[PDB]
>>> print(open('upload22.cif').read())   # mmCIF, C-alpha atoms; chains and numbers go by the auth columns
data_query
loop_
_atom_site.group_PDB
_atom_site.id
_atom_site.type_symbol
_atom_site.label_atom_id
_atom_site.label_comp_id
_atom_site.label_asym_id
_atom_site.label_seq_id
_atom_site.Cartn_x
_atom_site.Cartn_y
_atom_site.Cartn_z
_atom_site.B_iso_or_equiv
_atom_site.auth_seq_id
_atom_site.auth_asym_id
ATOM 1 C CA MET A 1 13.265 -14.249 -2.978 0.00 1 A
ATOM 2 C CA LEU A 2 10.532 -11.909 -1.669 0.00 2 A
ATOM 3 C CA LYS A 3 6.842 -12.806 -1.978 0.00 3 A
ATOM 4 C CA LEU A 4 4.108 -10.297 -2.854 0.00 4 A
ATOM 5 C CA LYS A 5 0.344 -10.678 -3.227 0.00 5 A
ATOM 6 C CA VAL A 6 -1.090 -8.400 -5.914 0.00 6 A
ATOM 7 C CA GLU A 7 -4.828 -7.864 -6.283 0.00 7 A
ATOM 8 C CA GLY A 8 -6.428 -6.177 -9.337 0.00 8 A
ATOM 9 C CA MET A 9 -4.257 -7.244 -12.317 0.00 9 A
ATOM 10 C CA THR A 10 -6.852 -8.736 -14.711 0.00 10 A
ATOM 11 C CA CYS A 11 -4.965 -8.117 -18.013 0.00 11 A
ATOM 12 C CA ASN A 12 -1.393 -8.730 -19.285 0.00 12 A
ATOM 13 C CA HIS A 13 -1.095 -4.911 -19.687 0.00 13 A
ATOM 14 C CA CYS A 14 -1.449 -4.548 -15.891 0.00 14 A
ATOM 15 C CA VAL A 15 1.182 -7.208 -15.191 0.00 15 A
ATOM 16 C CA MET A 16 3.794 -5.694 -17.557 0.00 16 A
ATOM 17 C CA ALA A 17 3.285 -2.146 -16.180 0.00 17 A
ATOM 18 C CA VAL A 18 3.648 -3.513 -12.611 0.00 18 A
ATOM 19 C CA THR A 19 6.660 -5.685 -13.665 0.00 19 A
ATOM 20 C CA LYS A 20 8.614 -2.588 -14.744 0.00 20 A
ATOM 21 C CA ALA A 21 7.234 -0.538 -11.831 0.00 21 A
ATOM 22 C CA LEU A 22 8.710 -2.995 -9.275 0.00 22 A
ATOM 23 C CA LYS A 23 12.046 -2.980 -11.139 0.00 23 A
ATOM 24 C CA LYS A 24 12.307 0.820 -10.426 0.00 24 A
ATOM 25 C CA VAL A 25 13.131 -0.065 -6.781 0.00 25 A
ATOM 26 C CA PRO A 26 16.783 0.253 -5.675 0.00 26 A
ATOM 27 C CA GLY A 27 17.901 -3.360 -5.240 0.00 27 A
ATOM 28 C CA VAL A 28 15.705 -5.183 -7.809 0.00 28 A
ATOM 29 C CA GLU A 29 17.408 -7.417 -10.387 0.00 29 A
ATOM 30 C CA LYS A 30 14.733 -9.860 -11.636 0.00 30 A
ATOM 31 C CA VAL A 31 11.045 -10.395 -10.950 0.00 31 A
ATOM 32 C CA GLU A 32 8.280 -12.853 -12.020 0.00 32 A
ATOM 33 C CA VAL A 33 4.699 -11.505 -12.096 0.00 33 A
ATOM 34 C CA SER A 34 1.779 -13.806 -12.914 0.00 34 A
ATOM 35 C CA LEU A 35 -1.735 -12.869 -14.167 0.00 35 A
ATOM 36 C CA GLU A 36 -3.593 -15.897 -12.693 0.00 36 A
ATOM 37 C CA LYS A 37 -1.702 -16.431 -9.405 0.00 37 A
ATOM 38 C CA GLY A 38 -1.869 -12.778 -8.188 0.00 38 A
ATOM 39 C CA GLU A 39 1.853 -13.048 -7.230 0.00 39 A
ATOM 40 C CA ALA A 40 4.926 -10.872 -7.924 0.00 40 A
ATOM 41 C CA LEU A 41 8.148 -12.678 -6.948 0.00 41 A
ATOM 42 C CA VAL A 42 11.342 -10.581 -6.568 0.00 42 A
ATOM 43 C CA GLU A 43 14.846 -12.059 -6.975 0.00 43 A
ATOM 44 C CA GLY A 44 16.652 -8.789 -6.022 0.00 44 A
ATOM 45 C CA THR A 45 17.580 -7.701 -2.448 0.00 45 A
ATOM 46 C CA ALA A 46 15.070 -4.820 -2.438 0.00 46 A
ATOM 47 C CA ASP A 47 12.821 -4.243 0.622 0.00 47 A
ATOM 48 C CA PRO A 48 9.122 -5.280 0.573 0.00 48 A
ATOM 49 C CA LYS A 49 7.920 -1.841 1.716 0.00 49 A
ATOM 50 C CA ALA A 50 9.597 -0.197 -1.298 0.00 50 A
ATOM 51 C CA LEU A 51 8.305 -3.004 -3.588 0.00 51 A
ATOM 52 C CA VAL A 52 4.586 -2.882 -2.583 0.00 52 A
ATOM 53 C CA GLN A 53 4.788 0.952 -2.842 0.00 53 A
ATOM 54 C CA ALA A 54 5.687 0.739 -6.559 0.00 54 A
ATOM 55 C CA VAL A 55 2.569 -1.442 -7.221 0.00 55 A
ATOM 56 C CA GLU A 56 0.220 0.751 -5.109 0.00 56 A
ATOM 57 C CA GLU A 57 1.552 3.721 -7.182 0.00 57 A
ATOM 58 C CA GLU A 58 0.138 2.036 -10.334 0.00 58 A
ATOM 59 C CA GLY A 59 -3.342 2.219 -8.660 0.00 59 A
ATOM 60 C CA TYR A 60 -3.582 -1.514 -7.759 0.00 60 A
ATOM 61 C CA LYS A 61 -3.547 -3.179 -4.295 0.00 61 A
ATOM 62 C CA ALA A 62 -0.541 -5.213 -3.060 0.00 62 A
ATOM 63 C CA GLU A 63 0.801 -6.678 0.216 0.00 63 A
ATOM 64 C CA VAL A 64 3.936 -8.666 1.152 0.00 64 A
ATOM 65 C CA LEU A 65 3.722 -12.298 2.384 0.00 65 A
ATOM 66 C CA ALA A 66 7.012 -12.071 4.371 0.00 66 A
#
>>> encode(input="upload22.cif", output="structure tokens")
Amino acid sequence: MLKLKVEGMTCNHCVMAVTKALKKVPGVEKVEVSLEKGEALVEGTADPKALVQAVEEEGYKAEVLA
């Protein structure tokens, strides 16, 4: 399961937008995005580069912890 560090989500609205945004990546199946931990776990086989990209596209800042 891939590990991502998200920075800027300070509302549930942010988290849900980002949740779906990460799921748009070819290879994602399930994800778990917090609002207090600044994390966005991925259960799918997608690549971290393609994952972080989808969050950065929403105007937030993200980085993998792989």
>>> closest_residue(input="upload22.cif", among="A:17, A:31, A:1, A:36", to="residue A:59", atoms="all atoms listed in the file")
A:17
>>> atom_distance(input="upload22.cif", atom1="atom CA of residue A:12", atom2="atom CA of residue A:38")
11.8 Å
>>> resolve_selection(input="upload22.cif", expression="the PyMOL selection byres ((chain A and resi 49-53) around 12)", output="number ranges by chain")
A: 2-7, 18-28, 31, 39-48, 54-66
>>> axis_aligned_box(input="upload22.cif", around="stretch 36-39 of chain A", padding_each_side="3 Å", output="JSON")
{"center_x": -0.9, "center_y": -14.6, "center_z": -10.0, "size_x": 11.4, "size_y": 9.7, "size_z": 11.5}
>>> build_atoms(input="upload22.cif", residues="stretch 28-47 of chain A", atoms="N, CA, C and O atoms", output="PDB file, in the frame of the given file")
ATOM      1  N   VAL A  28      16.347  -4.139  -7.017  1.00  0.00           N
ATOM      2  CA  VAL A  28      15.705  -5.183  -7.809  1.00  0.00           C
ATOM      3  C   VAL A  28      16.589  -5.533  -9.002  1.00  0.00           C
ATOM      4  O   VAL A  28      17.104  -4.648  -9.689  1.00  0.00           O
ATOM      5  N   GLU A  29      16.654  -6.830  -9.296  1.00  0.00           N
ATOM      6  CA  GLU A  29      17.408  -7.417 -10.387  1.00  0.00           C
ATOM      7  C   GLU A  29      16.440  -8.125 -11.327  1.00  0.00           C
ATOM      8  O   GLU A  29      16.327  -7.752 -12.495  1.00  0.00           O
ATOM      9  N   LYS A  30      15.692  -9.118 -10.834  1.00  0.00           N
ATOM     10  CA  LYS A  30      14.733  -9.860 -11.636  1.00  0.00           C
ATOM     11  C   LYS A  30      13.470  -9.999 -10.810  1.00  0.00           C
ATOM     12  O   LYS A  30      13.490  -9.835  -9.585  1.00  0.00           O
ATOM     13  N   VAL A  31      12.371 -10.248 -11.504  1.00  0.00           N
ATOM     14  CA  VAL A  31      11.045 -10.395 -10.950  1.00  0.00           C
ATOM     15  C   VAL A  31      10.263 -11.381 -11.820  1.00  0.00           C
ATOM     16  O   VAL A  31      10.662 -11.615 -12.967  1.00  0.00           O
ATOM     17  N   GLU A  32       9.159 -11.929 -11.313  1.00  0.00           N
ATOM     18  CA  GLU A  32       8.280 -12.853 -12.020  1.00  0.00           C
ATOM     19  C   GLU A  32       6.869 -12.522 -11.543  1.00  0.00           C
ATOM     20  O   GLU A  32       6.525 -12.794 -10.388  1.00  0.00           O
ATOM     21  N   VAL A  33       6.064 -11.905 -12.406  1.00  0.00           N
ATOM     22  CA  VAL A  33       4.699 -11.505 -12.096  1.00  0.00           C
ATOM     23  C   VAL A  33       3.719 -12.302 -12.952  1.00  0.00           C
ATOM     24  O   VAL A  33       3.815 -12.317 -14.187  1.00  0.00           O
ATOM     25  N   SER A  34       2.810 -13.003 -12.286  1.00  0.00           N
ATOM     26  CA  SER A  34       1.779 -13.806 -12.914  1.00  0.00           C
ATOM     27  C   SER A  34       0.585 -12.900 -13.256  1.00  0.00           C
ATOM     28  O   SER A  34       0.604 -11.692 -13.009  1.00  0.00           O
ATOM     29  N   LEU A  35      -0.470 -13.495 -13.799  1.00  0.00           N
ATOM     30  CA  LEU A  35      -1.735 -12.869 -14.167  1.00  0.00           C
ATOM     31  C   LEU A  35      -2.894 -13.720 -13.633  1.00  0.00           C
ATOM     32  O   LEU A  35      -4.023 -13.246 -13.544  1.00  0.00           O
ATOM     33  N   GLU A  36      -2.613 -14.959 -13.221  1.00  0.00           N
ATOM     34  CA  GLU A  36      -3.593 -15.897 -12.693  1.00  0.00           C
ATOM     35  C   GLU A  36      -3.345 -16.229 -11.227  1.00  0.00           C
ATOM     36  O   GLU A  36      -4.283 -16.531 -10.491  1.00  0.00           O
ATOM     37  N   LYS A  37      -2.091 -16.139 -10.784  1.00  0.00           N
ATOM     38  CA  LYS A  37      -1.702 -16.431  -9.405  1.00  0.00           C
ATOM     39  C   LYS A  37      -1.758 -15.214  -8.482  1.00  0.00           C
ATOM     40  O   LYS A  37      -1.698 -15.415  -7.264  1.00  0.00           O
ATOM     41  N   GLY A  38      -1.838 -13.986  -9.006  1.00  0.00           N
ATOM     42  CA  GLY A  38      -1.869 -12.778  -8.188  1.00  0.00           C
ATOM     43  C   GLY A  38      -0.588 -12.660  -7.352  1.00  0.00           C
ATOM     44  O   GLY A  38      -0.650 -12.289  -6.178  1.00  0.00           O
ATOM     45  N   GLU A  39       0.558 -13.084  -7.894  1.00  0.00           N
ATOM     46  CA  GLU A  39       1.853 -13.048  -7.230  1.00  0.00           C
ATOM     47  C   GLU A  39       2.855 -12.232  -8.047  1.00  0.00           C
ATOM     48  O   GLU A  39       2.735 -12.142  -9.276  1.00  0.00           O
ATOM     49  N   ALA A  40       3.858 -11.681  -7.356  1.00  0.00           N
ATOM     50  CA  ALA A  40       4.926 -10.872  -7.924  1.00  0.00           C
ATOM     51  C   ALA A  40       6.242 -11.146  -7.195  1.00  0.00           C
ATOM     52  O   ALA A  40       6.669 -10.394  -6.320  1.00  0.00           O
ATOM     53  N   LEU A  41       6.883 -12.247  -7.548  1.00  0.00           N
ATOM     54  CA  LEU A  41       8.148 -12.678  -6.948  1.00  0.00           C
ATOM     55  C   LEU A  41       9.256 -11.692  -7.311  1.00  0.00           C
ATOM     56  O   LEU A  41       9.267 -11.159  -8.428  1.00  0.00           O
ATOM     57  N   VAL A  42      10.206 -11.475  -6.400  1.00  0.00           N
ATOM     58  CA  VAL A  42      11.342 -10.581  -6.568  1.00  0.00           C
ATOM     59  C   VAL A  42      12.606 -11.369  -6.226  1.00  0.00           C
ATOM     60  O   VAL A  42      12.707 -11.952  -5.146  1.00  0.00           O
ATOM     61  N   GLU A  43      13.579 -11.360  -7.137  1.00  0.00           N
ATOM     62  CA  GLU A  43      14.846 -12.059  -6.975  1.00  0.00           C
ATOM     63  C   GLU A  43      15.907 -11.121  -6.381  1.00  0.00           C
ATOM     64  O   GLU A  43      16.873 -11.586  -5.776  1.00  0.00           O
ATOM     65  N   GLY A  44      15.734  -9.801  -6.540  1.00  0.00           N
ATOM     66  CA  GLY A  44      16.652  -8.789  -6.022  1.00  0.00           C
ATOM     67  C   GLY A  44      16.609  -8.718  -4.494  1.00  0.00           C
ATOM     68  O   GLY A  44      15.794  -9.394  -3.862  1.00  0.00           O
ATOM     69  N   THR A  45      17.454  -7.885  -3.891  1.00  0.00           N
ATOM     70  CA  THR A  45      17.580  -7.701  -2.448  1.00  0.00           C
ATOM     71  C   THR A  45      16.752  -6.514  -1.949  1.00  0.00           C
ATOM     72  O   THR A  45      16.932  -6.062  -0.815  1.00  0.00           O
ATOM     73  N   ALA A  46      15.889  -5.958  -2.802  1.00  0.00           N
ATOM     74  CA  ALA A  46      15.070  -4.820  -2.438  1.00  0.00           C
ATOM     75  C   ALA A  46      14.181  -5.117  -1.220  1.00  0.00           C
ATOM     76  O   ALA A  46      13.928  -6.282  -0.906  1.00  0.00           O
ATOM     77  N   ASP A  47      13.687  -4.073  -0.548  1.00  0.00           N
ATOM     78  CA  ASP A  47      12.821  -4.243   0.622  1.00  0.00           C
ATOM     79  C   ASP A  47      11.362  -4.358   0.189  1.00  0.00           C
ATOM     80  O   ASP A  47      10.957  -3.709  -0.781  1.00  0.00           O
TER      81      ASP A  47
END
